[PDB]
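Heads up: the structure comes next, in C-alpha cells.
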Amino acid sequence: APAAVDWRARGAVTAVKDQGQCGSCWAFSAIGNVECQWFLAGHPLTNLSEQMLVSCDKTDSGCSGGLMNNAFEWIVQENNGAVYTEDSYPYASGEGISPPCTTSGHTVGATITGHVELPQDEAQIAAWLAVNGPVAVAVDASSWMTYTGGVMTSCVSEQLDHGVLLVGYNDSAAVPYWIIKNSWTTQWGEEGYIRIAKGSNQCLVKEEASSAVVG
Numbered sequence: 001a002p003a004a005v006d007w008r009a010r011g012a013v014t015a016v017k018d019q020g021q022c023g024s025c026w027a028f029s030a031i032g033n034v035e036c037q038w039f040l041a042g043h044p045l046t047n048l049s050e051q052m053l054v055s056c057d058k059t060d061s062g063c064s065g066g067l068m069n070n071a072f073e074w075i076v077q078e079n080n081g082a083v084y085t086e087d088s089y090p091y092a093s094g095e096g097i098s099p100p101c102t103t104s105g106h107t108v109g110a111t112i113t114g115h116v117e118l119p120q121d122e123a124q125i126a127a128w129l130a131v132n133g134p135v136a137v138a139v140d141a142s143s144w145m146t147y148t149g150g151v152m153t154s155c156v157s158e159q160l161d162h163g164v165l166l167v168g169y170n171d172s173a174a175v176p177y178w179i180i181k182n183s184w185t186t187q188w189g190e191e192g193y194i195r196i197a198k199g200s201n202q203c204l205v206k207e208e209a210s211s212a213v214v215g
C-alpha cells in the first residue's frame with residue numbers, strides 16, 4: 001500500500017462536527033463514512049444527517065450508544081438506503097436528548113446499498129482505505145478527553161466505547177500513525193483530529209472496522 005494516505009487531500013471529508021453531550025459517536029462515525037463514500041462515488045461532498053440515525057434507527061440506542069454496522073444495516077434495510085441531508089434533518093441532540101423521529105420534511109442526500117466489515121488487521125485496513133476511502137472504526141476513547149496533539153502512543157485499549165473515522169495514515173514516520181476524524185469540535189485534538197500509533201492495535205482500532213458501499 002502507499003507509504004501514506006490522507007483523504008482530506010481529495011476534499012473527500014466534511015468539516016469536523018460536534019456531537020455534544022449525546023452518546024452518538026456511532027452515528028457520527030457511520031455518517032462521516034457515508035459522506036466520504038458518497039463523494040468518492042462521484043457526487044458533490046454533502047453534509048448528511050446524524051440526527052436521522054439517532055432519532056430513527058431503533059436497532060441502535062440513540063444518545064445511549066450504538067454500532068456503525070447496525071446503522072449501515074438500518075439505512076439499507078429500513079430506510080431504503082436513503083440518508084437525509086444535514087440541512088433537511090439537522091442535529092438536535094447536543095444537550096443529550098434525542099427528539100423523536102420524523103419521517104416527513106427531509107431531503108435525500110445520499111444512498112448506500114450495503115456495507116463491508118473489514119479484517120481485524122491494521123495492514124489490510126490501511127490497504128483497503130488507500131483505495132476505497134475512509135473507514136469507520138470503533139476505538140477505546142476513554143483516555144482521549146485531554147488530547148491536544150501528537151501521536152498518541154498511550155491508548156488504554158480495554159473496551160470499545162467510541163466510533164470515529166479513519167481518514168489516512170503515515171507508515172513512514174518513526175512511530176507510524178493513523179489519522180482519525182473525531183466529532184468533538186475542532187477545539188479538541190489537532191483541529192478535531194487525532195493521530196494514534198499504527199501497528200500495535202492502539203485503542204483496539206483494528207477490532208471493528210467497516211464502510212458503507214455506495215453504488
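Numbering of the sequence shown is given in PDB author numbering, commencing with residue 1 and proceeding in unit increments.
Beta carbons are placed, not taken as given, at the ideal position from N, Cα and C, and that holds for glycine.
Am I right that residue i and residue j are in contact with their C-beta atoms under 8 Å? What's the rounded C-beta distance?
i: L166; j: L118; result: No, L166 and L118 are not in contact; Cβ-Cβ is about 10 Å, not under 8 Å.
i: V139; j: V164; result: 6 Å
i: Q77; j: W184; result: So it is not a contact: roughly 30 Å between Cβ atoms.
i: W26; j: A92; result: Not confirmed; about 17 Å, so no contact.
i: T14; j: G32; result: 7 Å
i: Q187; j: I196; result: Actually they are not in contact, since the Cβ atoms of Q187 and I196 sit about 19 Å apart, beyond 8 Å.
Start and end of the beta strand (DSSP E) containing residue i?
i: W38; result: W38 -> not in any beta strand (DSSP E); alpha helix (DSSP H) instead, spanning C25 to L40.
i: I97; result: It is not in any beta strand (DSSP E) - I97 carries neither H nor E in the DSSP assignment.
i: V131; result: Segment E122 to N132 is the alpha helix (DSSP H) holding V131; no beta strand (DSSP E) there.
i: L165; result: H162 to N170
i: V137; result: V135 to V139
i: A1; result: Neither: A1 is in no beta strand (DSSP E) and is coded neither H nor E.
Would you call the CB atoms of residue i and residue j closer than 8 Å?
i: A4; j: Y169; result: yes
i: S55; j: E86; result: no
i: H115; j: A212; result: yes
i: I125; j: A30; result: no
i: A41; j: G215; result: yes
i: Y147; j: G192; result: no
i: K17; j: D121; result: no
Find the nearest neighbour of residue i within the set the options, judged by alpha-carbon distance.
i: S88; options: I125, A71, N79 and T46; result: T46
i: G109; options: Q37, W184 and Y177; result: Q37
i: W178; options: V213, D161 and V137; result: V137
i: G199; options: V213, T153, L160 and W188; result: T153
i: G66; options: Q21, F28, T103 and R10; result: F28
i: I194; options: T102, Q202, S172 and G150; result: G150
i: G94; options: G62, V131 and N79; result: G62
i: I112; options: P90, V34, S24 and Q51; result: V34
Where do the N-terminal and C-terminal ends of the alpha helix (DSSP H) with residue i fall, by residue?
i: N69; result: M68 to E78
i: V54; result: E50 to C56
Considering only DSSP beta bridges, list what residue i is partnered with.
i: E117; result: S210
i: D18; result: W184
i: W178; result: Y169 and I196
i: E190; result: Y193
i: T111; result: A82
i: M152; result: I196
i: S64; result: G23
Is there a C-beta anywhere in chain B that falls below 8 Å from the one on residue i?
i: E207; result: Protein chain content of the structure displayed is limited to a single chain, and chain B is not contained in it.
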